[PDB]
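Report on the following structure.
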2 protein chains.
Amino acid sequence: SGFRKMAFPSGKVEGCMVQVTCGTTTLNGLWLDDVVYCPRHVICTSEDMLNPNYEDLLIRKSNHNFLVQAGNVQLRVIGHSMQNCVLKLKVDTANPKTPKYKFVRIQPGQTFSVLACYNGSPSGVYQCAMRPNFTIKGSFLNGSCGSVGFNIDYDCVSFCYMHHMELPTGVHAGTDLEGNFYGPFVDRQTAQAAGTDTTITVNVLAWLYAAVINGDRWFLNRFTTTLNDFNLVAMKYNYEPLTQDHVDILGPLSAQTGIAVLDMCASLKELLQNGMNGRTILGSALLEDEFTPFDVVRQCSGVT
Amino acid sequence: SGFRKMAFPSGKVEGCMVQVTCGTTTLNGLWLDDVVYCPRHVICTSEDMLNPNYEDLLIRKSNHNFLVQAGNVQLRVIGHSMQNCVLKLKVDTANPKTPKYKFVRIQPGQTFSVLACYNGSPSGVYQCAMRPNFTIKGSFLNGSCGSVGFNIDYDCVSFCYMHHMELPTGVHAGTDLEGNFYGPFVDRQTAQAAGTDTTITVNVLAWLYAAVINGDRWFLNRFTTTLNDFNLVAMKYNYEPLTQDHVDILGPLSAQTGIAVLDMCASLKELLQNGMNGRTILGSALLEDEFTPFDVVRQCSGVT
Ligand SMILES: Cc1ccc(NC(=O)c2ccc(CN3CCN(C)CC3)cc2)cc1Nc1nc(-c2cccnc2)cs1
Ligand SMILES: Cc1ccc(NC(=O)c2ccc(CN3CCN(C)CC3)cc2)cc1Nc1nc(-c2cccnc2)cs1
């Protein structure tokens, strides 16, 4: 029983975090085999953030300009190259703690764990979702760049996010581990801002199923809706459209609770139109959209 | 920017988790130096949960009745003893991954990280608070007993909680690592239930400070209250009394925001009496009480 924002255990990633210094800029890197990955803006100056040409900036660097430290051990840099918005620093030692890993790119609406680090040292772990507008609502301070987001499946770490910047509304943007930004953001100084966002409908439905499995039932009703009629309501309240694939993905949770997806959609319509009338669902007075169907199945009992 | 329920990185504890089997019962244990700690109810049967005498049950066990597995490695048990509600299994190998550690007992209102484990294998990490009634609102399924709660300060893991049971309302109870239960609960079958709970006032105030530091200010006002007048309102809404020591503990956050504690108490009084009128604070429509002042300082910027 219970339902929490639960991250993956972080030990496999902790053993990969290093400190990268270039000039007077320090940030975090990810050490896998004999390569350290970090944001390329580590090579920038304050006089460079206006209109940087990173190809120029990197040609003017040598391996000796990069100081890499793993705990109390200095790693010797023997090669450097750019890949999109990340830097690859080849080092003379393979990381003995390298887990089985993959570099994946995630979709908006999917979740992952973030290991927030400062000066190469892990500080905390929390769960994040990629928003529809390709930002994340993280918790990061100055020094956190190069912190990573990941999921773990059996023994394998799938890295999906490296942190690069904070936008003016306080939300965060970054890249996959190939250095390609999520969303229409760049690693330079501009007036860039998060675009309009939407609520992740399939996740809200998953979380209503989690609530039923955990004994909250007050929002259920005897009505069922059609998919087209539900999607008219979704549009009005700035929810994403629900697809048949979403309905299919919710199949296991529907079977376990015996509540058809379009039955639960009729509950969600009533919550959107009427509010909660002073009640809560899984300790929240808002509809929560940062749990995927997978997250719910992973955490919740499977009985029925 | 941002504010998340953030756990401590879990790697130091992951390396301590083992599987303990006795008969057909499997649960988790904590392997530190050459001792494995686990709930003593691992030695129980279904015909024993009524009125167990654990001293009798343990006298009838031998070391060979305990199977301990660390990953794919079986640990040989060479001694067993009871300490209050935990069992200490002496093994023939010290854990090479033992961190610096302490066994601490926490106070109601304090927070800690939980590493949820199944079959000796870590599954997820989340943040928990000890409620005033000595329960925790965790996320645990069958098989999770023996999972631990902890905080980390510099290199040192302070273990404070071992999981033993789920109460009828879905909340959880357990012991410190000396085997002494938090609250009026026992590791046998009774009608025991969580007692009445209260909201942790100093934590709500800390979280309002976190909100101000993160730019939410709509709930602020020009009024200040007295401590006695605030505590009359606290009583009415089932909040704990605020003490001068609480005011002192909030000193750093008050100085950083320039908002006196009794000024912020006047905001909290208005929120309690009027609600939020459709607005949110740090993405919540409820007043959140599971962040301590320390948690806020640890996570939030320190500027001002
Ligand atoms: C996207 C980006 C692009 C360039 C930079 N770098 C800089 O602005 C910068 C870097 C280094 C310097 C110092 N110079 C270079 C070193 N030395 C020669 C002195 C002069 C001055 C400015 C940072 C970022 N990203 C940032 N992320 C944050 C941040 C804050 C809070 C949460 N998450 C991210 C702050 S700045
Ligand atoms: C407090 C307590 C006391 C005794 C027990 N153990 C049992 O009830 C029990 C243990 C073992 C058996 C099997 N027997 C012994 C082994 N073998 C001889 C077969 C017969 C039957 C029952 C469990 C607990 N705690 C439990 N925690 C949970 C639980 C569920 C979800 C979340 N957190 C905890 C379920 S039972």
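Atoms within a ligand are numbered from 1 in the order they appear, just like the ligands themselves. Side chains included, hydrogens not; waters and symmetry mates left out as well; all remaining heavy atoms used. Reminder, nothing fancy here: chain letters follow the sequence lines and each chain counts from 1.
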Contact summary for B:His41 and B:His164, nearest pair of heavy atoms: CE1-O, 3.1 Å

Candidate pair B:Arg4 and B:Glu288, rule salt bridge (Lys or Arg N to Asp or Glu O under 4.0 Å), full reasoning: CA-CA 12 Å; B:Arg4 286 280 187 181; B:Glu288 297 290 341; over 6 Å; no

Part of A:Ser144 within contact of ligand 1 (heavy atoms, under 4.0 Å):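 For A:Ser144, the contact with ligand 1 is made by the side chain alone.
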
Option of least heavy-atom distance to [atom] (set: [options]):
atom                    : options                                : value
atom 6 (N) of ligand 1  : A:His41, A:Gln189, A:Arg40             : A:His41
atom 26 (C) of ligand 2 : B:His164, B:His172, B:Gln192, B:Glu166 : B:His164
atom 31 (C) of ligand 2 : B:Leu27, B:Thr45, B:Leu141, B:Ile43    : B:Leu141
atom 16 (C) of ligand 1 : A:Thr24, A:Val186, A:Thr21             : A:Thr24

Which of the ligand 2 atoms, numbered from 1, are nearer than 4.0 Å to a heavy atom of B:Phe140: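 Answer, ordered by atom number: 31 (C), 32 (C), 33 (N).
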
Ligand 2 atoms in contact with B:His163 (distance to a heavy atom under 4.0 Å):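 Those of ligand 2 that fall under 4.0 Å from B:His163 are 32 (C), 33 (N), 34 (C).
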
Test side chain to side chain donor-acceptor pair (under 3.5 Å) applied to A:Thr135 and A:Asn133, step by step: CA-CA 6 Å; A:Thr135 63; A:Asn133 66 2; 2.7 Å; yes

Mutual orientation of the aromatic rings belonging to A:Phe140 and A:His172 [parallel < 30°, tilted 30-60°, perpendicular > 60°]: perpendicular

Derivation of the side chain to side chain donor-acceptor pair (under 3.5 Å) call for A:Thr304 and A:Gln256: CA-CA 5 Å; A:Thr304 311; A:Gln256 179 184 338; 5.9 Å; no

Numbered atoms of ligand 1 (with element) below 4.0 Å of A:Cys145, judged on heavy atoms: 26 (C), 27 (N)

B:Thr25-ligand 2 polar pair, N/O distance under 3.5 Å: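 It does not: no N or O of B:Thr25 is found under 3.5 Å from an N or O of ligand 2.
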
Under 3.5 Å: donor-acceptor pair, side chain of A:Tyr161, backbone of A:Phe150: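 No; judged by distance alone, with no hydrogens or angles, the pair does not exist.
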
Within-shell test, B:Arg188 vs ligand 2, heavy atom, strictly < 4.0 Å: no

Distance under 6.0 Å and angle within 45° of ring axis: A:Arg105 vs A:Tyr182: yes

